[PDB]
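*Asks:* pasting the first bit of my complex, frame unchanged:
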Amino acid sequence: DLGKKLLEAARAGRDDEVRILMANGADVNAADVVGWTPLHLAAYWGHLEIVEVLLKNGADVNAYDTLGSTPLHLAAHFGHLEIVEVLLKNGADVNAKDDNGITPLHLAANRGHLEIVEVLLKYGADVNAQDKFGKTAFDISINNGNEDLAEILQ
């Protein structure tokens, strides 16, 4: 109930409500029906301020939804550069896999986000890592025809 009001506020990007509900002992790792923490919602909708305020109050940085996707998966996929850095600084698993074997590098690479691909690599992303179909980030870049990305992943 209290943790549900936090989920709505984390999504809606209300900076005041997140901090004020946290003061009243709101569950930072409250899960919605699909298994999304406030850190999933802030990472998805691109609310940088709330990602930092949630992590400050000991939010599970490697919380995974019912299909194994983490806030880093969402940040990397929807091109939120600052949030990828903030999450990786707070000890996010750079080589995290969802049920499909898809990593944040796979998603960033697929959506052509060159600046985020470089940050994930810097924090120690496994280039040679495969999904369930045996595809690397290099395979994705070749198929998508991104030569700027292909030369970075070699």
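*Replies:* Right, received. Where do you want to start? Numbering: from 1, shown residues only, chains lettered A, B, ... in the order given.
*Asks:* so which residue of chain A lies furthest out from the middle?
*Replies:* If you look at how far each residue of chain A sits from its centre, by C-alpha atoms, centre = their mean, the farthest one is residue A:24, at 26.6 Å.
*Asks:* is it true that it touches residue A:2?
*Replies:* Yes. Applying C-beta atoms under 8 Å as the test, residue A:24 and residue A:2 come out as touching, 6.8 Å apart. To be clear about C-beta, it is placed using only N, CA and C from the backbone, and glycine gets the same treatment.
*Asks:* ok, residue A:112 - contacts?
*Replies:* A:144, A:146, A:149 (C-beta atoms under 8 Å, 6 or more residues apart in numbering).
*Asks:* who's in contact with the first one?
*Replies:* Contacts of residue A:144 were listed using C-beta under 8 Å, 6+ apart, and they are A:110, A:112.
*Asks:* quick one: secondary structure of the residue nearest the centre of chain A?
*Replies:* Closest residue to the average C-alpha location of chain A: residue A:72 at 1.9 Å, with C-alpha atoms, centre = their mean. When classified by DSSP: H, G, I helix; E, B strand; the rest coil, residue A:72 comes out as helix.
*Asks:* tack on chain B:
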Amino acid sequence: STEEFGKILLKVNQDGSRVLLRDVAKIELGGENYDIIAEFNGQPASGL
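*Replies:* Below is chain B, added to the chains above:
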């Protein structure tokens, strides 16, 4: 987008290599037809 149409998979060869649509065709946004070409005082134009 043209990028997405380009990476349409036509077939996979015996040696594992893929034939994409951009390998047999040029992908670009272009007119439904190219019959009508308008000009306003010699300058390229469209109109209604």
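*Asks:* repeat for the contacts of residue A:144, accounting for chain B.
*Replies:* A:110, A:112, B:3, B:7 (C-beta atoms under 8 Å, 6 or more residues apart in numbering or on different chains).
*Asks:* quick one: buried residues of stretch A:100-110?
*Replies:* If you call a residue buried by 16 or more other C-beta atoms under 10 Å in any protein chain shown, then stretch A:100-110 has these buried ones: A:102, A:103, A:104, A:105, A:106, A:107, A:108, A:109, A:110.
*Asks:* of the residues you listed, closest to chain B?
*Replies:* The nearest member of the buried residues of stretch A:100-110 to chain B, counting by C-beta to the nearest C-beta, is residue A:110 at 11.0 Å.
*Asks:* that closest one reaches residue A:140, doesn't it?
*Replies:* Yes. Under the criterion of C-beta under 8 Å, residue A:110 makes contact with residue A:140 at 5.0 Å.
*Asks:* what residues does chain B have near chain A?
*Replies:* Contact residues, chain B versus chain A (C-beta under 8 Å from any C-beta of the partner chain): B:3, B:6, B:7, B:18, B:20, B:22.
*Asks:* let me know the helix or strand that residue 44 is in.
*Replies:* Since no chain was named, I'll use chain A. helix A:38-45 (DSSP states H and E).
*Asks:* that's the wrong chain, I meant chain B
*Replies:* strand B:43-45.
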